[PDB]
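Here the structure comes first, spelled out in C-alpha cells, and everything after it is commentary.
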Amino acid sequence: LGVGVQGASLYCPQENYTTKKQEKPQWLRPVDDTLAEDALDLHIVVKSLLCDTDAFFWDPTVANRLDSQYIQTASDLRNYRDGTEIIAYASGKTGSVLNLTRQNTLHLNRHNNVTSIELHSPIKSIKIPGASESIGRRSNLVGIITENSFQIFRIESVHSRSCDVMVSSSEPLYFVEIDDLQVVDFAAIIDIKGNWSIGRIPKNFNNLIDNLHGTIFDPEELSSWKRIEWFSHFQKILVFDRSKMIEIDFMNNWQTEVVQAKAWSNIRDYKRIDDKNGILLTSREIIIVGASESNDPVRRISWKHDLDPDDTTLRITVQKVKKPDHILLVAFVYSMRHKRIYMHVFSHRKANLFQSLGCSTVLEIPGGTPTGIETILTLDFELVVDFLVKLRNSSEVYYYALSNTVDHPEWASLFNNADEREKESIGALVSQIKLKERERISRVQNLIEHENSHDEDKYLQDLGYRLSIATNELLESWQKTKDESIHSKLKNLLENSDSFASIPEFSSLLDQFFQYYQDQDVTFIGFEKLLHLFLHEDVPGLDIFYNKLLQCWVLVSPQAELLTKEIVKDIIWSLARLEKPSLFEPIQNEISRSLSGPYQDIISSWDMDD
Amino acid sequence: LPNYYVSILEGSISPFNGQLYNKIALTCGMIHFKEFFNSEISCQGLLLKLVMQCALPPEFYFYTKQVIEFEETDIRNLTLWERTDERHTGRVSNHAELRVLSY
DNA sequence: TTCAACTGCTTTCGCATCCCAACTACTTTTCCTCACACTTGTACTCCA
DNA sequence: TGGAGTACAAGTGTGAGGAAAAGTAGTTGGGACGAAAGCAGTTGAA
C-alpha cells in the first residue's frame with residue numbers, strides 16, 4: 001500500500017516522476033516510488049511460421065479471425081489428461097470457414113488436418129472465454145459471432161492417436177430483432193448495438209435468452225463498438241462503448257456508471273487479464289490497469305500509464321508472467337494503420353503494490369499492418385515472452401518469441417503480356433540491341449588500336465577546322481538578324497565527334513578553340529566549373545572527371561574502358577550549348593520588354609537593391 | 001501585404017502531384033519558349049544520373065538511348081510542352097523528363 | 001418678580017453605475033489548384 | 001464481302017476544393033489635531 005492515490009484514480013504516467021513516497025527510513029533505498037529500478041530490457045524477435053490459409057474508414061464490428069489457447073475437454077476429467085492446445089481460424093473466400101501441439105515452439109501437429117466446419121455468414125469475431133482457477137478446470141466450449149446468426153461450438157474429446165479434433169455445435173440463433181450483435185464473453189452473453197441480454201447454454205446438442213436484460217443506449221454516441229466482460233466472479237458485468245463504462249450487477253437491480261470518457265479521450269480496447277483481480281483497460285491517451293477491490297468487488301483503479309500515441313484504431317493484448325516473488329503484466333498495444341507495437345512493464349506484489357518499469361517499442365513485417373495479436377499462455381531476471389501476430393492484407397500467421405537476451409504485384413500486373421506472336425515481336429528489340437551494341441564495342445576498339453597517332457592528330461586538326469568556319473558560318477547570321485527586338489545546337493556537323501580518341505586532347509582542343517574567339521558575338525560556358533553536378537563534389541577539371549569514373553566502373557563492365565570513354569565523350573557533346581553571343585545580345589533584349597509594358601511595371605522591375 | 005496575398009507568397013506545402021510540371025506548362029503557354037530558347041532536354045545527363053543512382057552496369061545507358069530513338073518524334077531535342085488550349089492536364093503526360101521516366 | 005436657551009469672544013509670524021483588459025475561438029478575407037460529367041469516331045468482331 | 005452495334009481514348013464545359021494570417025467571438029480578470037468662560041437679552045412660571 002503506497003500513498004499517492006486519488007481513491008477515484010491512480011497514476012504512474014509517462015516519465016513524469018510518479019506521485020508518491022512513503023519515506024521508509026530503512027537504509028534500503030528509503031523511498032517506494034511507483035517507478036521501480038532495474039537494468040534495461042531489449043526484445044528480439046524469433047520469426048517463424050505457424051500456419052496459413054472506401055478504404056478511408058474501417059469497420060469496428062469486425063473483431064478478430066483467430067484464437068489460440070489451451071483447452072481441456074470432457075474426457076480429460078475422468079482420465080488423467082490435463083490440457084490440449086488449439087488454434088481455430090476463419091478461412092475460405094469471404095471469411096466463412098472456421099477450422100496444434102507444442103514441441104518446443106508451437107507448430108501445427110503431425111496429422112495436421114483442418115477441421116473445416118462450414119458456415120454461410122462472414123466471421124467477425126472468434127474468441128473463447130478463457131478459464132477459471134476457482135472452477136479448477138478449463139472450459140471446452142467456444143462461441144463465434146457472424147452477421148446472420150450467433151454460434152456456439154463445443155470441443156469434445158480431442159484425439160491423440162489421430163491428432164483429429166471432432167467438433168460439435170449448438171443451435172445458431174438467427175435474429176428476431178434486426179440489429180448486429182458485437183461481443184461475446186462467458187467467464188450467449190452478448191452485446192447488441194445498444195442493448196444486452198443473458199443467454200443460456202444447454203447440455204444437449206441432440207435436438208436462449210433468460211428473463212433479465214438491460215440496455216446502455218446513448219443517443220449521442222455514434223460508433224458501433226461495444227464490449228462486455230464479467231467482472232470478479234460476482235456475476236457483475238462490465239459494458240462498454242467509446243464513451244462510458246457502465247457497471248451492471250444483474251444479481252440485484254444495480255447499475256453504476258464508473259468511467260465517463262466523453263471529454264478528452266475514448267475507450268479503445270478492454271482485455272480481461274486471467275488474474276481475477278487485475279484487469280487492463282486501454283483508453284485513448286492513457287493505459288489503465290484498474291483491478292478489483294477486496295472490500296467491494298467494484299473497481300480498484302490502479303496505477304495507470306499515460307501512453308503517448310494518438311490514434312483511432314488501437315487494440316491491446318496482455319500476457320501475465322508469473323514469477324515466485326511477484327507477477328508481471330506486460331501490455332502490448334497495436335494499431336491497424338501502421339506496423340508497430342508499444343509495450344510497458346508492470347509488476348504486482350502481495351499488498352496491491354502495482355508498479356511500473358518503463359516502455360519500449362519494436363517493429364513488424366513490412367507487408368501490411370497488424371490486425372490480430374495473441375499471446376500463447378506458455379502452460380501457466382531474463383524475461384522471455386512469446387506470441388503470434390496477424391497482419392492485415394495478408395492471410396499468413398507467424399509465431400514470435402521475445403527474449404531479454406516490399407514486392408507489389410501491381411508492377412507485375414503492368415508487364416508480361418500473354419501474346420505469343422507479340423512475344424518475340426517485342427523480344428526482337430532485345431535481340432536487335434545484341435547487334436547494335438557489339439558494333440560499338442568493336443568500332444571504338446579500332447580506336448583502341450591506335451594511340452595518339454599523327455593520323456588522328458590530322459583527324460582532330462580536321463575537327464576544329466569544321467568547328468572554326470562552322471562557327472564563322474553560325475556567327476555571320478546573328479549579326480544581320482540582330483535587330484530582332486522580340487541558344488544554338490552545335491550538332492550541325494554529322495561527320496565527326498564520333499571517332500575521336502583522346503579526352504585530354506579535345507579538352508585542350510576546345511580550350512584551343514576557346515582562345516581563338518577574342519571577338520564579339522561569341523562567348524561560352526566553361527565545363528570544368530559545371531561538370532561536378534554528377535559526382536556531387538568539387539570537380540575542377542574534365543581530365544580528373546574521367547579519373548573519377550576510371551576507378552568507378554572497373555568491375556561491372558567487360559573490359560570496362562571504352563564504354564566509360566564514350567560517355568565522357570558524350571557529355572561534353574551532350575551540353576552542346578556553346579553558342580552564346582556576347583553580353584550585348586540579352587542586355588538589348590532586357591531594355592525592349594520594359595518599354596513594352598506600361599509605366600506601372602517600371603517600378604515593379606528593379607533587381608540589385610541591397 | 002494582405003494575408004492571402006502572403007500565404008501564397010510564403011511556401012507552406014511542397015509542389016505535389018505534378019504541380020511543378022503544370023506550372024512549367026502554364027508559364028510556357030504565357031510566354032512561348034519556342035523560337036527563342038531550345039526545348040532540349042540533356043537526356044544523356046539524365047540517364048547518366050539515373051545510371052549513377054542505382055549503380056547498374058552502364059550498358060543500360062547505351063540501351064536506353066537506343067530505346068528512345070525507337071519511339072521519339074525528331075529523335076533528339078526532347079519536347080518541353082506548353083499548354084494554352086485547355087485547363088485540363090495532358091493525359092498523355094507529354095512532359096519530356098516524365099517521358100524518360102517511363103523509358 | 002425669576003428660569004432657561006441662544007451666544008460672541010482666548011494668538012502673535014511661520015510652520016504643516018461606468019469603463020478597461022485577457023485568452024482562446026471562430027471567422028472572414030480572398031486567391032490559387034484540379035477534377036467530373038458529357039460526346040464522335042474507331043476498333044473487334046457481329047450476321048448477312 | 002457491305003452493315004449493325006459499341007468500348008477506348010482524343011477531346012470539351014461545369015464549380016469545388018485548398019490554404020493562411022489577419023480580424024472578431026465569449027468568459028474571466030481587474031479600475032477607483034477641537035467634549036473652551038462667565039454673561040446677556042429674552043424668557044421660564046410665580
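Note on naming: chains are A, B, ... as they come in the C-alpha cells, residues start from 1 per chain, ligands start from 1 in the order shown.
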Next item on the list: Excluding residue 101 (chain B) and any residue of its chain fewer than 6 positions from it, enumerate the residues within 10 Å of it, using only C-alpha atoms (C1' of nucleotides), and give them as a list in words.
Entry: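 Surrounding residues, per the criterion: residues 46, 47, 50 and 95 of chain B.
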Convert the current residue selection to file output with C-alpha atoms, as a short mmCIF file (atom, residue, chain, number, x, y, z; two decimals), in the first residue's frame.
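What landed in selection13.cif:
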data_model
loop_
_atom_site.label_atom_id
_atom_site.label_comp_id
_atom_site.auth_asym_id
_atom_site.auth_seq_id
_atom_site.Cartn_x
_atom_site.Cartn_y
_atom_site.Cartn_z
CA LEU B 46 19.55 12.36 -67.05
CA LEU B 47 20.20 8.73 -67.92
CA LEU B 50 19.78 7.50 -63.36
CA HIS B 95 6.40 16.16 -70.15
#
Can you write out as a tab-separated table which residues of chain B fall within 7 Å of chain D, alongside each residue's closest atom pair and its distance in Å to one decimal, counting only C-alpha atoms (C1' of nucleotides) and ordering rows by chain and ascending residue number?
residue	atom	partner	partner_atom	distance
B:3	CA	D:21	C1'	5.0
B:4	CA	D:20	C1'	6.1
B:7	CA	D:20	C1'	5.0
Let me see the file: selected residues, N, CA, C and O atoms, as a PDB file, in the first residue's frame.
ATOM      1  N   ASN B   3      -3.096  38.917 -46.065  1.00  0.00           N
ATOM      2  CA  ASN B   3      -2.732  37.600 -45.549  1.00  0.00           C
ATOM      3  C   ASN B   3      -2.837  36.519 -46.614  1.00  0.00           C
ATOM      4  O   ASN B   3      -1.968  35.647 -46.707  1.00  0.00           O
ATOM      5  N   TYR B   4      -3.882  36.563 -47.443  1.00  0.00           N
ATOM      6  CA  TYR B   4      -3.968  35.590 -48.524  1.00  0.00           C
ATOM      7  C   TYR B   4      -3.010  35.948 -49.653  1.00  0.00           C
ATOM      8  O   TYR B   4      -2.620  35.085 -50.443  1.00  0.00           O
ATOM      9  N   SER B   7       0.150  34.290 -47.820  1.00  0.00           N
ATOM     10  CA  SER B   7       0.096  32.841 -47.654  1.00  0.00           C
ATOM     11  C   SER B   7       0.384  32.124 -48.962  1.00  0.00           C
ATOM     12  O   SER B   7       0.883  30.995 -48.956  1.00  0.00           O
TER      13      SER B   7
END
Item checked: Distance in Å - CA of residue 383 (chain A) versus CA of residue 328 (chain A) -> 9.8 Å
Checklist line | Exercise answer, chain B residues close to chain C, 12 Å and only C-alpha atoms (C1' of nucleotides), as a list in words | finding: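 Taken together, these residues fit the definition: residues 2, 3, 4, 5, 6, 7, 8, 9, 15, 16, 17, 18, 19, 20, 22, 23, 87, 88 and 89 of chain B.
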Export, as a PDB file, in the first residue's frame, the selected residues with N, CA and C atoms.
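Written file, part-v5.pdb:
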ATOM      1  N   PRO B   2      -1.565  41.761 -47.811  1.00  0.00           N
ATOM      2  CA  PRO B   2      -2.668  41.007 -47.201  1.00  0.00           C
ATOM      3  C   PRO B   2      -2.309  39.551 -46.942  1.00  0.00           C
ATOM      4  N   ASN B   3      -3.096  38.917 -46.065  1.00  0.00           N
ATOM      5  CA  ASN B   3      -2.732  37.600 -45.549  1.00  0.00           C
ATOM      6  C   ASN B   3      -2.837  36.519 -46.614  1.00  0.00           C
ATOM      7  N   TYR B   4      -3.882  36.563 -47.443  1.00  0.00           N
ATOM      8  CA  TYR B   4      -3.968  35.590 -48.524  1.00  0.00           C
ATOM      9  C   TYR B   4      -3.010  35.948 -49.653  1.00  0.00           C
ATOM     10  N   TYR B   5      -2.605  37.210 -49.733  1.00  0.00           N
ATOM     11  CA  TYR B   5      -1.545  37.593 -50.654  1.00  0.00           C
ATOM     12  C   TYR B   5      -0.155  37.209 -50.170  1.00  0.00           C
ATOM     13  N   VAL B   6       0.000  36.828 -48.903  1.00  0.00           N
ATOM     14  CA  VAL B   6       1.301  36.392 -48.413  1.00  0.00           C
ATOM     15  C   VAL B   6       1.313  34.898 -48.076  1.00  0.00           C
ATOM     16  N   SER B   7       0.150  34.290 -47.820  1.00  0.00           N
ATOM     17  CA  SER B   7       0.096  32.841 -47.654  1.00  0.00           C
ATOM     18  C   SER B   7       0.384  32.124 -48.962  1.00  0.00           C
ATOM     19  N   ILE B   8       0.057  32.757 -50.085  1.00  0.00           N
ATOM     20  CA  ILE B   8       0.536  32.283 -51.373  1.00  0.00           C
ATOM     21  C   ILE B   8       2.022  32.568 -51.501  1.00  0.00           C
ATOM     22  N   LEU B   9       2.469  33.690 -50.936  1.00  0.00           N
ATOM     23  CA  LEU B   9       3.860  34.093 -51.089  1.00  0.00           C
ATOM     24  C   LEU B   9       4.783  33.246 -50.226  1.00  0.00           C
ATOM     25  N   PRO B  15       5.360  21.446 -53.826  1.00  0.00           N
ATOM     26  CA  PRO B  15       4.668  21.054 -55.061  1.00  0.00           C
ATOM     27  C   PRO B  15       4.553  19.544 -55.184  1.00  0.00           C
ATOM     28  N   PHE B  16       3.323  19.078 -55.364  1.00  0.00           N
ATOM     29  CA  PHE B  16       2.990  17.666 -55.286  1.00  0.00           C
ATOM     30  C   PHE B  16       2.003  17.325 -56.390  1.00  0.00           C
ATOM     31  N   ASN B  17       2.030  16.056 -56.813  1.00  0.00           N
ATOM     32  CA  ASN B  17       1.155  15.504 -57.857  1.00  0.00           C
ATOM     33  C   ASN B  17       1.277  16.273 -59.171  1.00  0.00           C
ATOM     34  N   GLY B  18       2.509  16.546 -59.584  1.00  0.00           N
ATOM     35  CA  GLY B  18       2.734  17.244 -60.833  1.00  0.00           C
ATOM     36  C   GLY B  18       2.349  18.701 -60.802  1.00  0.00           C
ATOM     37  N   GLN B  19       2.361  19.315 -59.619  1.00  0.00           N
ATOM     38  CA  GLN B  19       2.107  20.746 -59.523  1.00  0.00           C
ATOM     39  C   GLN B  19       3.244  21.539 -60.137  1.00  0.00           C
ATOM     40  N   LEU B  20       4.451  20.980 -60.134  1.00  0.00           N
ATOM     41  CA  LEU B  20       5.575  21.691 -60.716  1.00  0.00           C
ATOM     42  C   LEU B  20       5.530  21.625 -62.235  1.00  0.00           C
ATOM     43  N   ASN B  22       2.877  21.241 -64.228  1.00  0.00           N
ATOM     44  CA  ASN B  22       1.790  22.073 -64.738  1.00  0.00           C
ATOM     45  C   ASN B  22       2.195  23.537 -64.781  1.00  0.00           C
ATOM     46  N   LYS B  23       2.941  23.986 -63.779  1.00  0.00           N
ATOM     47  CA  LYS B  23       3.312  25.391 -63.708  1.00  0.00           C
ATOM     48  C   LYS B  23       4.406  25.720 -64.718  1.00  0.00           C
ATOM     49  N   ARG B  87      -7.408  23.981 -69.657  1.00  0.00           N
ATOM     50  CA  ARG B  87      -7.036  23.983 -68.255  1.00  0.00           C
ATOM     51  C   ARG B  87      -6.852  22.574 -67.712  1.00  0.00           C
ATOM     52  N   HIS B  88      -7.266  21.570 -68.479  1.00  0.00           N
ATOM     53  CA  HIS B  88      -7.058  20.170 -68.166  1.00  0.00           C
ATOM     54  C   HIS B  88      -5.577  19.824 -68.244  1.00  0.00           C
ATOM     55  N   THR B  89      -5.204  18.727 -67.603  1.00  0.00           N
ATOM     56  CA  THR B  89      -3.844  18.242 -67.740  1.00  0.00           C
ATOM     57  C   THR B  89      -3.745  17.320 -68.944  1.00  0.00           C
TER      58      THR B  89
END
Margin query: I'd like the interatomic distance between CA of residue 561 (chain A) and CA of residue 506 (chain A), to a tenth of an Å.
Written below: 17.7 Å
Notebook entry, point to check: Quick one: DSSP alpha helix (DSSP H) residues in chain B, as a ChimeraX atom specification?
Noted result: /B:3-7,19-30,43-54,59-70,96-100
Check: Among region 246-355 of chain A, which ones does DSSP place in strand (DSSP E), written as a ChimeraX atom specification?
Finding: /A:246-249,254-260,267-271,280-283,287-288,314-322,327-335,341-348,355
Next item on the list: Residues of chain A near chain B: apply a cut-off of 7 Å, count only C-alpha atoms, and supply the list as a list in words.
Entry: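 Close enough to count are residues 487, 534, 556, 557, 571, 574 and 575 of chain A.
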Note to self: Neighbouring residues of residue 47 (chain C) were defined as those with any atom within 12 Å, considering only C-alpha atoms (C1' of nucleotides); residues of the same chain fewer than 2 positions away were excluded. Please report them as an MDAnalysis selection string.
What the structure shows: (chainID C and resid 45) or (chainID D and resid 2:5)
